[PDB]
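Novice: I have a structure here, written as structure tokens, and I will follow up with some questions on it.
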Amino acid sequence: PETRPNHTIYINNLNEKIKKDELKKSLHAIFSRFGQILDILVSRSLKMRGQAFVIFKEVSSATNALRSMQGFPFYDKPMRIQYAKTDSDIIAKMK
RNA sequence: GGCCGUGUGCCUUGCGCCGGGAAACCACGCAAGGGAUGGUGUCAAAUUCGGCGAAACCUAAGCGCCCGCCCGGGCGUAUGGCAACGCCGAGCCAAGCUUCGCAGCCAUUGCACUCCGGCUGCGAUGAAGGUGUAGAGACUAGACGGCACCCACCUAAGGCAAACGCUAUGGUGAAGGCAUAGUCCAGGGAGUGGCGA
RNA sequence: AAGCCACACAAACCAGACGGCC
Ligand SMILES: [K+]
Ligand SMILES: [K+]
Ligand SMILES: [K+]
Ligand SMILES: [K+]
Ligand SMILES: [K+]
Ligand SMILES: [Mg+2]
Ligand SMILES: [Mg+2]
Ligand SMILES: [Mg+2]
Ligand SMILES: [Mg+2]
Ligand SMILES: [Mg+2]
Ligand SMILES: [Mg+2]
Ligand SMILES: [Mg+2]
Ligand SMILES: [Mg+2]
Ligand SMILES: [Mg+2]
Ligand SMILES: [Mg+2]
Ligand SMILES: [Mg+2]
Ligand SMILES: [Mg+2]
Ligand SMILES: [Mg+2]
Numbered sequence: 004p005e006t007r008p009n010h011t012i013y014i015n016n017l018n019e020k021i022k023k024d025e026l027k028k029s030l031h032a033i034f035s036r037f038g039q040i041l042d043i044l045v046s047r048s049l050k051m052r053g054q055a056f057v058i059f060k061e062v063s064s065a066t067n068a069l070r071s072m073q074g075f076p077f078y079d080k081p082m083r084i085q086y087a088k089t090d091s092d093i094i095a096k097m098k
């Protein structure tokens, strides 16, 4: 459902078949229509497959994303988004 | 096919010894002998281009000595050879392992910020080992080769055990294959000529 | 020398360590 606001957003239930470097392109573009985007972490490991972390410059780019993008059918899959349950290493190196 | 020798290799034994190893055991240097060297399964591909090294055995150009000197000889000797075989640079290689690609199936609904789930199919890599290295060589298999497993034996670091101790992920079970078993062909048997002393 | 290199080729047989003698 929902967590507590954070710069980065946890996306899961993605299409596990799509390649690492390819999925980042489909993410950086599709989520930039809210604001500036930092980095995107995608792993293919048994634990991290079908999951991706998208980092925004501000909560404003993130809050709108979570709402306007929740359920957004990505590669025939109901893209599920949550707020990050722990601050990203990228951001914590500034705060 | 037999014996008799010679060298080189091999293992065993003894003796030595900066060594690696927890130990067994390997490694190294030598001398002497030939008594012993487990089993099943699996791979068969690359097989190229160069270079170094070499004992016995073959021969004596030059050199030394001798036949008092010439001519001829004679004796010695490899720096000339044949060659068992020790190797190096680069390339290449089947199956099996190291790590990455691509495809499929299995599972996975998973919160990460360093990298990572399994297998099967080709693609490429890395460590072995091989190829190079047969009488010019050509092709077939397999083993003495590569790989996996089993067995006998030694050892017991670690792991286990309160403890006598237990137990291989450690070792030992030769080298040959610089052509092994085969078919074939070059070579000698058995020609002429050249280079060469 | 020993060997090595060319073309030529008859057989058993010997040849993929060397020297003997069968
Ligand atoms: K011998
Ligand atoms: K020692
Ligand atoms: K060889
Ligand atoms: K022990
Ligand atoms: K030979
Ligand atoms: Mg014997
Ligand atoms: Mg073949
Ligand atoms: Mg060959
Ligand atoms: Mg003379
Ligand atoms: Mg004279
Ligand atoms: Mg002599
Ligand atoms: Mg010589
Ligand atoms: Mg060669
Ligand atoms: Mg022994
Ligand atoms: Mg061979
Ligand atoms: Mg041989
Ligand atoms: Mg043979
Ligand atoms: Mg002849």
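Whatever position you read off the first sequence (first residue = 1), add 3 for the authors' numbering. Note that the Cβ used here is the ideal one computed from N, Cα and C, for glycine as well.
Give the DSSP-derived three-state secondary structure of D42 in the structure shown.
Specialist: strand
Novice: Are the CB atoms of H10 and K60 nearer to each other than 9 angstroms?
Specialist: Using a Cβ distance threshold of 9 angstroms, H10 and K60 count as a contacting pair.
Novice: To which residues does DSSP link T11 through a beta bridge?
Specialist: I58
Novice: Determine the closest residue to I43 out of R36, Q54, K50, with distance taken between C-alpha atoms.
Specialist: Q54
Novice: Could you tell me which of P81, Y86, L17 sits nearest to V45, measuring between CA atoms?
Specialist: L17
Novice: Identify, in the order they occur along the chain, each residue of the same chain with its Cβ nearer than 7 angstroms to the Cβ of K27, setting aside the five sequence neighbours on each side.
Specialist: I43, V45
Novice: Using DSSP with H/G/I as helix, E/B as strand and the rest coil, what is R70?
Specialist: helix
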